[PDB]
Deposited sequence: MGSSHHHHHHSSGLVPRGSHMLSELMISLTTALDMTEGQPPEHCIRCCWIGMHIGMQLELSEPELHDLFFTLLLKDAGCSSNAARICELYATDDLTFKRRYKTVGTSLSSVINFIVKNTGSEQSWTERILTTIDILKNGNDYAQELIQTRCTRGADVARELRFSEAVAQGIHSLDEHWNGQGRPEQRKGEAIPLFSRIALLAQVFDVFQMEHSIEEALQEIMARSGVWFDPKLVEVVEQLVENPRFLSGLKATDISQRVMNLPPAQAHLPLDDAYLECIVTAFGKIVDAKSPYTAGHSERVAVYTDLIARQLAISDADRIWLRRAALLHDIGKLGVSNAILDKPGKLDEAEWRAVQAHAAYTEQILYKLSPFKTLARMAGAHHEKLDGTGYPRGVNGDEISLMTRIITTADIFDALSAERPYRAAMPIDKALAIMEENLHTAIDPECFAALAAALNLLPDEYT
């Protein structure tokens, strides 16, 4: 099978959205709003393409997941980013200086985020315009935005559309369009480009734009917006790119669990080898293993870690971890053209196999590793818990394969 670029981005974008995203398909809605604003400025097709992605990828930078930030969190951030690579003593003094104002911190935060997101865009082989324009998202019309304090048309057009689009959605959904329309009107000339604001003003008159915003299938409709260029099929090389890029995003978003994705991928491949899965399937499986983690900032299975608890029954239900895994995989996995064609009115098994393997790995990791707070479970102990708990919650073609695979490993490894 294959993926379309637009399609995969939306999916990945939506998921990473759930962390800090704010609302369930926030990015999707901005795209829809932003494309529509753009659509009315008579942009070139390339611009509309670049805009489409800028809108989708605006939050790529965000290193946060989610009455304010913890002091610790704040300090940790300053340290870890600045002061960078100087006497210890300097770093403390510098971090203190930032902490105290104002301001300064906020500037650091944006600069980091904006630079980081711009970096993602580049990694993903979008144009500099896209990267620049994720970077200036937080500039303001009046020259009061960060991090560069650009004003007016110093600001890239995409950022202007994007920021405006973004704010509007948040209001749109927190209150009432009219409230939203009002709010943006309020910031016109301050945060926003007045001209753009006007446009939104029109769109609102235009129903069907509204219908589209409040549609269940909005994700499908957004797809129809861009130029065809957005729909490129993804080859293997690009996929590596996406995965590799996103993995960095995940590692940044959840520091505490880092290396969890890699481990699961490893277990997953090991199980797969045992099942004599094909080379190609394995390749998906390894990517899938990392990707399925996106979102899933929700606690694992199941608190867990917690040394104390960790007894049965209560997680018999919690086993519907996917559940989510299956759904996400289906959205993720490569697809068959004839199959997609043959459903314009109105694979399943594989997903189940995939889900079972990855899920089994996911469970095995959860029992082991229990590393922070430190508490690794012995491999064979963890293996025993599954079989102890199973047929009920544990596949068993995989469980065997897991065991067989682990067996081959050096026994040094506990």
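Novice: What ranges of the deposited sequence, counted from 1, have no C-alpha atoms in this structure?
Specialist: According to the record, the gaps fall at 1-17, 84-103, 384-395.
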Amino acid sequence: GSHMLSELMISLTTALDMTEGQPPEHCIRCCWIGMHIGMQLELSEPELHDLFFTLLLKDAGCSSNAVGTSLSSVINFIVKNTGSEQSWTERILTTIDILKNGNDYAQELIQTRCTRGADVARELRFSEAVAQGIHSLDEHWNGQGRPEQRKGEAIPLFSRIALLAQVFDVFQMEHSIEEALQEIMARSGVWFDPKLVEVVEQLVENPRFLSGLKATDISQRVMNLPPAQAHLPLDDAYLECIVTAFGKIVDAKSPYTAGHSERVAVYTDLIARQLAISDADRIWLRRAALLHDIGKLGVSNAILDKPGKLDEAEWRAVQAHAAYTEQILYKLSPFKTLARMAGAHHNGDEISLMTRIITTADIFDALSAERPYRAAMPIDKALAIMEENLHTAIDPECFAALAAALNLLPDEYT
From here on, numbers count along this sequence of modelled residues.
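Novice: Hey, which bit's got the bigger mean C-alpha B factor in the entry, 384-392 or 359-367?
Specialist: According to the PDB entry, the answer is 384-392.
Novice: Taking the recorded C-alpha temperature factors, which stretch has the higher mean, 138-146 or 122-130?
Specialist: The stretch with the larger average C-alpha B-factor is 138-146.
Novice: Tell me, please, which of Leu164, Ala154, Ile110, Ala317 has the highest C-alpha B factor according to the deposited entry?
Specialist: Out of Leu164, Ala154, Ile110, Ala317, the record gives the largest C-alpha B-factor to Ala317.
Novice: Just the C-alpha B-factor column, please: which of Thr94, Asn224, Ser84, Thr268 has the biggest number?
Specialist: Answer for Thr94, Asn224, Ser84, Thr268: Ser84, with the highest C-alpha B-factor.
Novice: Splitting the chain's C-alpha B-factors into thirds, which one does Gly343 fall into?
Specialist: It belongs to the highest third of the chain when residues are ordered by C-alpha B-factor.
Novice: Give the position of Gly117 by CA B-factor within its chain, expressed as the lowest, middle or highest third.
Specialist: For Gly117, the deposited C-alpha B-factor lands in the lowest third.
Novice: Ranking the modelled residues of this chain by C-alpha B-factor as given in the entry, is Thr13 in the lowest, middle or highest third?
Specialist: Middle third of the chain for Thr13's C-alpha B-factor.
Novice: Using the B-factors in the PDB entry, rank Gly259's C-alpha atom against the chain and give the third, lowest, middle or highest.
Specialist: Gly259: CA B-factor falls in the middle third of its chain.
Novice: Once the chain's modelled residues are ordered by C-alpha B factor and cut into thirds, is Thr54 in the lowest, middle or highest one?
Specialist: CA B-factor rank for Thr54: lowest third.
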